[PDB]
Amino acid sequence: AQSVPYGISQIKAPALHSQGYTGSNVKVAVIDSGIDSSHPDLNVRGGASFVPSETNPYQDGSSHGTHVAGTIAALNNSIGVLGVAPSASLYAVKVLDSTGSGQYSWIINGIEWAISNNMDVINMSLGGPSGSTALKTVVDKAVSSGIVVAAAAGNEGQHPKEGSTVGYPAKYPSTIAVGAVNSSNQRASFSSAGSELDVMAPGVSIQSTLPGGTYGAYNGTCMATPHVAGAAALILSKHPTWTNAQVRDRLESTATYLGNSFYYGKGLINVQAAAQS
Ligand SMILES: [Ca+2]
């Protein structure tokens with residue numbers, strides 16, 4: 001039988017499902033370690049690999065991308081779990097190898113592929129502590145092209161530091177930097193913090209799909225980000241004329257305020273309020 005992970009309800013995606021909106025005809029690129037397209041609870045429409053050593057984007061040796069993809073769009077059926085936008089068109093853009101890491105050059109090619117193929121939403125549950133002009137250039141190009149780009153703020157908050165721990169490309173203003181809360185809306189101890197933080201989404205003990213047709217729970221801002229990417233798909237399936245700037249402003253401005261924005265951004269996303277008309 002099918003379960004609904006708590007994070008799906010926490011952001012109020014079921015309200016849109018009840019309205020008949022599930023992300024249909026919205027193209028979502030999962031820029032990550034591939035997606036196990038053979039998983040019975042996922043429908044991957046297409047993809048591309050830019051990892052020289054692993055040319056098949058539909059095999060996920062890390063499990064990272066598959067877990068991310070399930071939070072976005074695990075199918076509504078008799079098994080497994082349920083994504084935020086279970087009707088979204090999913091695309092596997094492999095830029096990380098089986099270790100869950102990749103080079104900025106592979107990521108850039110993935111982003112360019114997303115632009116060239118008219119993706120509506122980019123999920124980047126990845127990042128690093130060092131910037132790259134080539135990275136910022138391609139990310140901005142994507143956003144100027146109309147793409148909603150959601151990026152994990154990072155998992156470097158656990159040891160209090162002076163200054164921002166928000167990683168790249170979440171640090172860039174053009175991207176939505178997403179931090180992690182638990183089911184009580186408490187910031188996760190590991191969630192990066194900084195002035196570049198935009199919103200929070202569930203990122204603790206997130207049950208989602210894993211390669212081999214199985215399921216499991218992970219922690220990280222990498223798990224919160226697909227909640228926001230999925231929310232963007234729901235919104236766009238209801239408001240297909242909205243710009244990526246409108247979609248972002250709605251997600252941020254209608255978020256549930258949780259306190260100091262340095263740690264919480266605008267707060268927890270509320271896709272019901274974001275998409276209300
Ligand atoms: Ca399912």
Side-chain angles (χ1 to χ4, degrees), residues 1-47 57-94 119-123 125 150 152 178 180 182-183 201-220 222-238 269-272 274-275:
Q2 178 171 270
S3 297
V4 180
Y6 81 81
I8 308 299
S9 299
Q10 190 165 347
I11 66 164
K12 292 204 198 301
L16 276 157
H17 302 178
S18 290
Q19 299 173 32
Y21 296 111
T22 53
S24 299
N25 300 290
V26 178
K27 302 194 304 190
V28 181
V30 183
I31 299 187
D32 214 278
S33 68
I35 307 181
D36 179 11
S37 62
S38 72
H39 196 298
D41 215 14
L42 300 173
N43 182 28
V44 177
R45 313 247 163 162
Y58 310 112
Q59 72 104 215
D60 177 10
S62 162
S63 84
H64 196 256
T66 301
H67 197 273
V68 170
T71 294
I72 299 172
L75 299 172
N76 183 31
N77 53 19
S78 68
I79 58 164
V81 293
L82 179 67
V84 169
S87 296
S89 298
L90 229 46
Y91 297 90
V93 182
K94 180 181 279 199
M119 296 295 109
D120 298 307
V121 179
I122 283 172
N123 185 97
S125 296
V178 185
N182 62 18
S183 59
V204 176
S205 184
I206 304 302
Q207 188 83 346
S208 183
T209 45
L210 287 174
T214 183
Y215 313 87
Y218 287 152
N219 307 329
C222 310
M223 280 67 251
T225 303
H227 291 90
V228 179
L234 292 182
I235 292 161
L236 288 162
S237 76
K238 183 172 171 171
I269 58 156
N270 177 349
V271 72
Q272 184 186 24

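Values below: all heavy atoms of this structure, side chains included; hydrogens, waters and symmetry mates excluded. FYI, the numbering just counts along the sequence from 1. Counting starts at 1 for both ligands and their atoms, in listed order.
A side chain to side chain contact (heavy atoms under 4.5 Å, CB included) with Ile72 holds for exactly one of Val121, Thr225, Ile35, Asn123; it is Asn123. Exactly one of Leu90, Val44, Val93 qualifies for a side chain to side chain contact (heavy atoms under 4.5 Å, CB included) with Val30. That residue is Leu90.
Considering only residues two or more places apart in sequence or on other chains, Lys238 meets the side-chain contact (heavy atoms from CB on, under 4.5 Å) condition with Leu16, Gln19, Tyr21, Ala275, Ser277. Residues that satisfy the side-chain contact (heavy atoms from CB on, under 4.5 Å) test with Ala224, not counting sequence neighbours, are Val178, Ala180, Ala201.
The distance cut-off of 3.0 Å around the Ca ion (ligand 1) captures these protein N, O or S atoms, sorted by chain and number: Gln2 OE1, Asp41 OD1, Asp41 OD2, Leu75 O, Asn77 OD1, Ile79 O, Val81 O.
For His39 and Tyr215, the ring centers are positioned less than 6.0 Å apart.
The side-chain hydrogen bond (donor to acceptor under 3.5 Å, both in side chains) analysis of residues 73-86, with sequence neighbours excluded, yields the pairs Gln2-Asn76, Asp41-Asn77.
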